Amino acid sequence: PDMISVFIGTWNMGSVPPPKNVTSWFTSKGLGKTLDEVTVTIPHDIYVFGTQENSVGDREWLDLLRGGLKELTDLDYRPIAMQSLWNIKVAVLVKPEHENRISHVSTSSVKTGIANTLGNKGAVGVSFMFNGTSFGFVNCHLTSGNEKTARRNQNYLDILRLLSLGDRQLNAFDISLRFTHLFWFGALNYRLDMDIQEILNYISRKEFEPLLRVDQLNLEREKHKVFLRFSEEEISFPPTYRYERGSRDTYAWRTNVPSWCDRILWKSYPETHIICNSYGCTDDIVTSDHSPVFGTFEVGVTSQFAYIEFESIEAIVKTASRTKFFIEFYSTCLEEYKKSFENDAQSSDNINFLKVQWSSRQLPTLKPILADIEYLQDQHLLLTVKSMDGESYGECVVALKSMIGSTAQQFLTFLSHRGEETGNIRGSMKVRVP
């Protein structure tokens with residue numbers, strides 16, 4: 001297959017079991033950007049379900065999902081992984097025909113505790129490869145409370161740093177760069193900064209823009225504190241918290257201000273195919289004080305199966321240090337990782353920054369495992385900038401897609417470390433074939 005259809009769902013189940021029928025959740029029918037126009041269901045290739053306050057036992061729950069999907073699609077979807085941590089649970093299921101294509105499956109979980117609050121907060125994860133394309137899925141439940149934004153941001157950073165999904169050799173990189181596509185979703189619990197009656201007025205009008213301008217997740221993302229260079233599809237569904245059970249007619253009630261607690265975000269390597277086909281919530285599933293949120297994505301995949309030469313590399317790096325620096329290059333297209341020599345020039349007209357330059361002589365050629373053009377296009381390099389005394393100052397990713405040829409092509413990208421922008425990097429390179 002050339003592309004796959006990925007379903008992501010997030011639902012705080014409110015410590016009661018689901019209703020018998022959750023079909024709207026699976027088929028992206030409800031409010032927001034929806035697939036209500038689709039009369040005959042196209043079964044997705046991969047279903048991913050993240051839940052919180054899921055008080056159904058692991059085994060029984062996975063069975064309910066397999067059962068639900070069986071009745072909808074007339075297919076025995078196979079669960080490749082599942083992972084729970086208290087009542088935070090994720091499960092990933094694939095079509096039977098894709099079972100051979102999956103490999104390198106891992107799971108992880110992380111606790112993020114804070115004193116004097118209701119704990120049981122943290123995250124669970126699943127990653128795998130679909131042929132040559134790596135996928136990461138994170139399901140979390142962060143700290144609740146209107147005034148706990150700083151605590152939520154810290155939960156995010158603790159997850160980003162501690163969650164050990166994927167290959168170990170990528171331990172200079174965190175989960176924001178380990179996977180071709182990363183989906184981070186769950187009960188993020190960021191809230192609306194507005195009085196209760198004024199918010200209910202806007203929900204009645206279906207005027208979401210004035211509420212989105214006071215959404216705490218949106219504001220923190222603009223400050224560059226969480227979810228650096230992630231995407232979220234535009235929100236056009238009402239707040240998913242907090243409803244009275246048995247209906248969606250009525251919000252319950254600053255401790256119960258309506259909010260978009262339940263969210264899906266993604267982070268992709270550059271020059272890859274990824275389109276969001278839905279992002280919304282149901283309005284006919286009423287067992288929880290939250291509503292289920294869905295998202296679907298069309299995602300490109302690459303089959304499973306010559307040298308790379310750099311003219312020069314130049315990095316603006318954020319630091320007070322003045323030592324020498326080098327680069328390590330990692331990729332799944334390489335047999336072993338390579339390293340550069342010392343940088344051979346450096347300058348600065350800023351106390352906080354440093355320009356660091358590697359000439360062609362200081363940079364090694366990389367030798368890929370296959371010489372096929374169609375293979376090489378779909379690959380990426382992971383670069384980490386390290387100092388000579390030795391910890392990383394910055395990581396980034398570079399696509400080879402437009403770099404295939406005889407003459408060297410320009411690249412420019414951002415450097416990050418531990419959820420902070422730490423500079424940029426640029427250079428000139430070619431992937432040559434004989």
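Reading the values: the criteria
The numbering scheme restarts from 1 for each chain and tracks the written sequence of that chain rather than necessarily the entry's numbering. Residues without coordinates are not displayed. The basis for every side-chain value is the complete set of heavy atoms in the structure, and neither hydrogens nor water enter the calculation. Labels follow the DSSP assignment, with helices taken as runs of H or I lasting at least four residues and strands as runs of E lasting at least two, numbered in each case from the N terminus. Exposure categories follow from relative accessible area, calculated using a 1.4 Å probe and restricted to protein chains: below 20% of the type maximum is buried, above 50% is exposed, and the middle band is partly exposed. Polar contacts here mean pairs of N or O atoms no more than 3.5 Å apart (in protein, one a potential hydrogen donor and the other a potential acceptor; neighbouring residues in sequence count only if both atoms are side-chain atoms). The nonpolar core is taken to be a set of buried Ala, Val, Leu, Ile, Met, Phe, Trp, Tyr and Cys residues, with the residues joined through side-chain atoms within 4.5 Å. In what follows, residue pairs with any heavy atoms lying within 4.5 Å of each other are defined as contacts. An automatic or database domain assignment supplies the start and end points of every domain. Accessible area, probed at 1.4 Å, shrinks when two parts are joined; the buried area is that loss added up over both. For this analysis, a salt bridge means a side-chain nitrogen from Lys or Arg found within 4 Å of a carboxyl oxygen belonging to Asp or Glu. If DSSP finds at least two bridges between two strands, the strands pair. Only the stretch in contact is used when a helix axis is fitted, and all axes are lines through C-alpha atoms; the angle between N-to-C directions ranges over 0 to 180 degrees.

Regarding how it was determined, this PDB entry cites X-ray crystallography in its header, along with a resolution of 2.65 Å.

Looking at the environment of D289
Examined against the element boundaries, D289 turns out to sit in the loop between β11 (274–281) and β12 (293–300). Its relative accessible area of 9% is what places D289 among the buried residues. Only 3.1 Å separates the side chain of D289 from the side chain of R242, close enough to count as a polar contact.

Observations regarding unusual backbone geometry
Here the amide bond leading from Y241 into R242 is cis, since omega sits at -5°, within 30 degrees of zero. Relative to the helices and strands, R242 resides in the loop between α7 (216–222) and β10 (262–268). Backbone geometry places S15, a non-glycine residue, at a positive phi of 60°. Summarising the element assignment, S15 is placed in the loop between β1 (3–12) and α1 (23–26). Exposure remark for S15: the relative accessible area of 44% places this residue in the partly exposed category. One non-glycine residue, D74, lies in the positive phi region at around 55°.

Examining the nonpolar core
Core analysis: the biggest nonpolar cluster contains 45 residues, and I8, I46, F135 and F137 have the highest contact counts within it. Those residues within four positions of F137 in sequence are excluded, and the remaining contacts are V6, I8, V48, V124, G125, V126, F128, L165, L182, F183 and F185. Membership of the second largest hydrophobic core comes to 29 residues, among which are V317, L334, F411 and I425.

Focus on the domain arrangement of the protein chain
Segmentation of the protein chain into domains returns domain 1 (1–305) and domain 2 (306–434). Measuring from the centre of the C-alpha atoms in domain 1 to the corresponding centre in domain 2 gives 33 Å. On the side of domain 2, 23 residues touch domain 1, which itself brings 19 residues to the contact. Buried surface at the junction of domain 1 and domain 2, summed over both partners, amounts to about 2100 Å²; 63% is from carbon and sulfur atoms. Together, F173, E271 and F305 form the three largest contributors to the area buried by domain 1 at its contact with domain 2, with a combined 28%. Viewed at the interface, domain 2 and domain 1 are joined by one salt bridge. The salt bridge involving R229 is made with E421; its shortest N-O contact spans 2.8 Å. Summed over the shared surface of domain 1 and domain 2, the number is three residue pairs in polar contact. Per-element tally for the side of domain 1 that touches domain 2: the top contributor is helix α3 (residues 149–162), with three residues.

Focus: the sheet that holds β11
Read from one edge to the other, the open sheet built from seven strands follows the order β2-β11-β12-β1-β3-β5-β4, with strand pairing classed as mixed. This sheet does not close on itself; its edge strands, each paired only once, are β2 (31–33) and β4 (78–85). When strand polarity is set aside, the average angle formed by the axes of neighbouring strands in this sheet is 10°. Inspection of the sheet shows β11 paired to β12 by seven bridges, in the antiparallel sense. Bridge pairing in β12 places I274 opposite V299. The strands touched by helix α2 (residues 58–73) within the sheet are β3 (46–52), β4 and β5 (88–94), with β5 carrying the most contacts at an inclination of about 35°.

Focus on the pattern of salt bridges
Enumeration over the complete set of coordinates arrives at 20 salt bridges. A salt bridge links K70 to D74; its shortest N-O distance comes to 3.9 Å. In this structure, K223 and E220 form a salt bridge, with 2.9 Å as the shortest nitrogen-oxygen distance. Judged by relative accessible area, which is 51%, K223 ranks as exposed.

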